[PDB]
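Colleague: Below is a structure I'd like to ask you about.
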Amino acid sequence: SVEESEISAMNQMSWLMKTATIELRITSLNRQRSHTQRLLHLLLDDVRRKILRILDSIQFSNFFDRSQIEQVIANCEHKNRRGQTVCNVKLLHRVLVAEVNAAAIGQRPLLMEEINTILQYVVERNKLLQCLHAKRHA
Amino acid sequence: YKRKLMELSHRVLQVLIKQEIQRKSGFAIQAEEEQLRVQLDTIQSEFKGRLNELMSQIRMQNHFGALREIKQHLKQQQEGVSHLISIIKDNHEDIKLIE
């Protein structure tokens with residue numbers, strides 16, 4: 001449970017699961033009872049049973065012409081490693097500063113702030129996507 | 001001599017178990033062996049009370065201790081059985097010839 005590094009704590013617990021899974025596969029492929037029994041006992045013996053709290057921890061909820069801004073944002077979305085449909089704010093910032101740099105001088109700061117806003121939008125969007133695929137793996 | 005046979009049988013088994021213990025120790029008694037051991041534990045799980053009961057009933061019986069026409073039918077039965085035994089040996093010899 002990482003308040004500040006939630007995405008990590010997620011991907012960690014995820015691959016930790018995947019490990020435990022390949023493990024239990026092998027172990028049942030040959031034999032053991034004790035460790036299985038103890039994990040079970042701690043998982044169900046009457047305190048919210050453990051796997052129940054673990055479930056409970058994955059949280060299930062989640063100057064510019066607007067439509068063209070939406071198109072540009074959509075072109076800067078990459079499927080992050082987990083299938084997170086993230087808006088890459090670095091590329092969006094680069095392209096937005098590029099559209100600014102290419103009556104024009106007096107509105108330069110306005111377009112610059114607009115670009116920074118589009119970038120922050122892409123950033124929060126990528127963050128949402130991350131968290132999405134994170135809860136997905138979870 | 002038979003009582004000696006059984007007691008020495010226990011002795012043989014016990015020295016054998018001590019030989020399967022003393023050396024074979026060492027974090028090796030594993031998958032197939034552990035499987036056999038678990039099966040054996042389960043066996044020891046799978047009577048002794050009914051046996052105590054039977055020993056008791058026998059104790060009771062022990063302390064409690066402390067027909068012309070029928071012989072003809074018995075003779076009929078024994079004669080019939082003696083008749084059948086020979087045909088049985090006949091089947092045996094015929095099969096052996098078949099071998």
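Neighbour counts run over all protein chains shown; Cβ positions are idealised from the backbone, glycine included. Here, each number is a calculation from the coordinates, and none is a lab measurement.
Colleague: Give the order of B:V38, A:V89, A:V97 when sorted by the count of other beta carbons within 10 angstrom, beginning with the fewest.
Modeller: On the way: B:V38 12, A:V89 21, A:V97 15.
Sorted ascending by nearby Cβ count, the order is B:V38, A:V97, A:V89.
Colleague: Further question on the same structure: May I ask you to list the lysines whose Cα is less than 25 Å away from that of B:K89, ignoring any residue fewer than eight positions away on the same chain?
Modeller: Excluding near neighbours in sequence, the set is B:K75.
Colleague: Reported to two decimal places, what Rg/Rh ratio describes the protein assembly as shown when computed on Cα atoms with Rh from the Kirkwood expression?
Modeller: With Rg and the Kirkwood Rh in hand, the quotient comes to 1.45.
Colleague: Under a Cβ-only charge scheme (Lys and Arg +1, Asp and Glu -1), can you give me the dipole magnitude of chain A about the Cα centre, in debye to the nearest 20?
Modeller: Taking the Cα centre of chain A as origin, the dipole is about 920 debye.
Colleague: Could you list, in their original order, any pairs among A:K18/A:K127; A:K50/A:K79; A:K18/A:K50 whose Cα atoms are separated by more than 27 Å?
Modeller: Values: A:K18/A:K127 24 Å; A:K50/A:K79 33 Å; A:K18/A:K50 18 Å.
Cα-Cα > 27 Å for A:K50/A:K79; rest within.
Colleague: Under the rule of at least 5 residues apart or a separate chain, name every residue whose amide H is placed under 5 Å from the amide H of A:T85.
Modeller: A:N80, A:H133
Colleague: Taking a cut-off of 15 Å between Cα atoms, list the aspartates and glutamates near A:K135, but don't count ones fewer than 8 places away on the same chain.
Modeller: Excluding near neighbours in sequence, the set is A:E3, A:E6, A:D56.
Colleague: How much space per residue, in cubic angstrom, does the convex hull of the C-alpha atoms of chain A take up?
Modeller: So the per-residue Cα hull volume is 128 Å³.
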